[PDB]
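K.L.:
Sharing a structure below in C-alpha coordinates format, with a few things to ask.
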2 protein chains.
Amino acid sequence: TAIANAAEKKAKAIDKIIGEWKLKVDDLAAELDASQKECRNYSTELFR
Amino acid sequence: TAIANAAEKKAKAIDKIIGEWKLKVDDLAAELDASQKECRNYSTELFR
(Lines give C-alpha, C1' and ligand atoms only; values in the text may rest on other atoms or scores of the structure.)
Protein backbone atom coordinates (compact mmCIF):
# COMPACT_ATOMS: atom_id res chain seq x y z
CA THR A 1 0.00 0.00 0.00
CA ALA A 2 2.85 2.36 0.84
CA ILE A 3 4.23 2.18 -2.68
CA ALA A 4 0.79 3.11 -3.97
CA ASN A 5 0.42 6.17 -1.77
CA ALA A 6 3.95 7.13 -2.80
CA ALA A 7 2.88 6.70 -6.41
CA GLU A 8 -0.34 8.62 -6.84
CA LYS A 9 0.62 11.68 -4.78
CA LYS A 10 3.56 12.50 -7.01
CA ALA A 11 1.69 11.14 -10.01
CA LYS A 12 -1.53 13.15 -9.76
CA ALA A 13 0.59 16.19 -8.98
CA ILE A 14 2.80 15.95 -12.04
CA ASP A 15 0.01 15.99 -14.63
CA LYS A 16 -0.66 19.66 -13.89
CA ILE A 17 2.92 20.43 -14.89
CA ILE A 18 2.44 18.32 -18.03
CA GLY A 19 -0.12 20.73 -19.48
CA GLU A 20 2.39 23.54 -19.56
CA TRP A 21 4.97 21.75 -21.72
CA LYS A 22 2.08 20.67 -23.94
CA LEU A 23 1.54 24.37 -24.49
CA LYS A 24 5.25 25.14 -24.79
CA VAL A 25 5.70 22.70 -27.65
CA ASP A 26 2.57 24.28 -29.09
CA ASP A 27 4.28 27.59 -28.43
CA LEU A 28 7.70 26.86 -29.89
CA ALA A 29 6.21 25.23 -32.96
CA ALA A 30 5.16 28.71 -34.04
CA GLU A 31 8.63 30.20 -34.15
CA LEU A 32 9.80 27.30 -36.28
CA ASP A 33 7.52 27.66 -39.28
CA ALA A 34 7.77 31.40 -38.91
CA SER A 35 11.50 31.09 -39.47
CA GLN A 36 10.94 28.46 -42.15
CA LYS A 37 8.90 31.07 -43.95
CA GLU A 38 11.46 33.72 -43.00
CA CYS A 39 14.18 31.49 -44.43
CA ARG A 40 12.94 30.69 -47.90
CA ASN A 41 11.25 34.03 -48.51
CA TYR A 42 14.68 35.60 -48.42
CA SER A 43 16.38 33.03 -50.63
CA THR A 44 13.63 33.38 -53.21
CA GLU A 45 14.53 37.05 -53.21
CA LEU A 46 18.30 36.70 -52.91
CA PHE A 47 18.45 34.31 -55.81
CA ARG A 48 16.21 36.65 -57.77
CA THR B 1 -0.51 -6.16 -5.34
CA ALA B 2 -2.93 -5.48 -8.16
CA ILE B 3 -3.04 -1.72 -7.52
CA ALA B 4 0.62 -1.44 -6.54
CA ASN B 5 1.81 -2.92 -9.81
CA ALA B 6 -0.94 -1.02 -11.60
CA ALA B 7 0.11 2.28 -10.06
CA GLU B 8 3.78 2.18 -11.02
CA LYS B 9 2.93 1.18 -14.60
CA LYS B 10 1.21 4.53 -14.89
CA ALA B 11 3.76 6.22 -12.67
CA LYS B 12 6.78 5.04 -14.63
CA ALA B 13 5.06 6.14 -17.81
CA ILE B 14 4.66 9.80 -16.92
CA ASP B 15 8.21 9.69 -15.61
CA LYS B 16 9.36 9.16 -19.18
CA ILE B 17 6.58 10.96 -21.02
CA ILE B 18 7.79 14.27 -19.70
CA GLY B 19 11.19 13.27 -21.01
CA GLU B 20 9.54 12.67 -24.36
CA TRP B 21 8.90 16.38 -24.18
CA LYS B 22 12.17 17.20 -22.44
CA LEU B 23 14.06 16.13 -25.49
CA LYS B 24 11.48 17.64 -27.84
CA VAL B 25 11.84 21.19 -26.63
CA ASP B 26 15.64 21.00 -26.58
CA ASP B 27 15.58 19.28 -29.96
CA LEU B 28 13.36 22.00 -31.39
CA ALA B 29 15.46 24.63 -29.64
CA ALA B 30 18.62 23.14 -31.11
CA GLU B 31 16.85 22.96 -34.45
CA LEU B 32 15.58 26.54 -34.30
CA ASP B 33 18.73 28.50 -33.45
CA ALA B 34 20.64 26.42 -35.96
CA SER B 35 18.01 27.06 -38.62
CA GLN B 36 17.66 30.71 -37.70
CA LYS B 37 21.42 31.11 -38.01
CA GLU B 38 21.38 30.30 -41.71
CA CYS B 39 18.23 32.41 -41.89
CA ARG B 40 20.31 35.41 -40.91
CA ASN B 41 23.46 34.67 -42.85
CA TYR B 42 21.47 34.80 -46.03
CA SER B 43 19.86 38.04 -44.93
CA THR B 44 23.16 39.82 -44.63
CA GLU B 45 23.94 38.95 -48.22
CA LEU B 46 20.70 40.49 -49.40
CA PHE B 47 21.93 43.82 -48.15
CA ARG B 48 25.44 43.89 -49.55
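Just so we're on the same page: first chain in the C-alpha coordinates is A, next is B, and so on; residues restart at 1 for each chain, and ligands are numbered from 1 in the order they show up.
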Since chain B and chain A share a sequence, can you fit the second onto the first over all C-alpha atoms in order and output it as a PDB file with C-alpha atoms, in the first residue's frame?

P.N.:
ATOM      1  CA  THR A   1      -5.238  -0.770  -3.347  1.00  0.00           C
ATOM      2  CA  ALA A   2      -6.017  -1.943  -6.872  1.00  0.00           C
ATOM      3  CA  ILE A   3      -6.103   1.606  -8.188  1.00  0.00           C
ATOM      4  CA  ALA A   4      -2.675   2.145  -6.663  1.00  0.00           C
ATOM      5  CA  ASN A   5      -1.106  -0.898  -8.281  1.00  0.00           C
ATOM      6  CA  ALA A   6      -2.723   0.204 -11.529  1.00  0.00           C
ATOM      7  CA  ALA A   7      -1.189   3.622 -11.000  1.00  0.00           C
ATOM      8  CA  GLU A   8       2.462   3.074 -10.216  1.00  0.00           C
ATOM      9  CA  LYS A   9       3.119   0.320 -12.756  1.00  0.00           C
ATOM     10  CA  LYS A  10       2.182   2.530 -15.681  1.00  0.00           C
ATOM     11  CA  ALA A  11       3.531   5.562 -13.846  1.00  0.00           C
ATOM     12  CA  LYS A  12       7.043   4.341 -13.026  1.00  0.00           C
ATOM     13  CA  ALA A  13       7.234   2.937 -16.537  1.00  0.00           C
ATOM     14  CA  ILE A  14       6.383   6.161 -18.319  1.00  0.00           C
ATOM     15  CA  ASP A  15       9.150   8.279 -16.798  1.00  0.00           C
ATOM     16  CA  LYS A  16      11.751   6.403 -18.840  1.00  0.00           C
ATOM     17  CA  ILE A  17       9.959   7.531 -21.990  1.00  0.00           C
ATOM     18  CA  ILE A  18       9.874  11.081 -20.604  1.00  0.00           C
ATOM     19  CA  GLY A  19      13.659  11.432 -20.754  1.00  0.00           C
ATOM     20  CA  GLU A  20      13.668  10.954 -24.501  1.00  0.00           C
ATOM     21  CA  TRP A  21      11.311  13.836 -25.302  1.00  0.00           C
ATOM     22  CA  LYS A  22      13.340  15.933 -22.864  1.00  0.00           C
ATOM     23  CA  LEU A  23      16.234  15.280 -25.203  1.00  0.00           C
ATOM     24  CA  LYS A  24      14.157  15.763 -28.340  1.00  0.00           C
ATOM     25  CA  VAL A  25      13.113  19.254 -27.318  1.00  0.00           C
ATOM     26  CA  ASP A  26      16.775  19.774 -26.494  1.00  0.00           C
ATOM     27  CA  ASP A  27      17.461  18.362 -29.933  1.00  0.00           C
ATOM     28  CA  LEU A  28      14.968  20.357 -31.974  1.00  0.00           C
ATOM     29  CA  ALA A  29      15.889  23.578 -30.225  1.00  0.00           C
ATOM     30  CA  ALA A  30      19.168  23.440 -32.126  1.00  0.00           C
ATOM     31  CA  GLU A  31      17.663  23.497 -35.591  1.00  0.00           C
ATOM     32  CA  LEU A  32      15.600  26.519 -34.629  1.00  0.00           C
ATOM     33  CA  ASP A  33      18.324  28.989 -33.739  1.00  0.00           C
ATOM     34  CA  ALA A  34      20.418  27.540 -36.523  1.00  0.00           C
ATOM     35  CA  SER A  35      17.712  28.604 -38.945  1.00  0.00           C
ATOM     36  CA  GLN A  36      17.215  31.858 -37.069  1.00  0.00           C
ATOM     37  CA  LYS A  37      20.860  32.542 -37.779  1.00  0.00           C
ATOM     38  CA  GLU A  38      20.435  31.151 -41.287  1.00  0.00           C
ATOM     39  CA  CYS A  39      17.482  33.484 -41.772  1.00  0.00           C
ATOM     40  CA  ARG A  40      18.867  36.865 -40.845  1.00  0.00           C
ATOM     41  CA  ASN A  41      22.381  36.241 -42.143  1.00  0.00           C
ATOM     42  CA  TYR A  42      20.893  36.093 -45.609  1.00  0.00           C
ATOM     43  CA  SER A  43      18.684  39.153 -45.263  1.00  0.00           C
ATOM     44  CA  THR A  44      21.616  41.165 -43.978  1.00  0.00           C
ATOM     45  CA  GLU A  45      23.307  40.167 -47.209  1.00  0.00           C
ATOM     46  CA  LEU A  46      20.301  40.434 -49.514  1.00  0.00           C
ATOM     47  CA  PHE A  47      19.514  43.909 -48.328  1.00  0.00           C
ATOM     48  CA  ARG A  48      23.171  44.805 -48.722  1.00  0.00           C
TER      49      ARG A  48
END
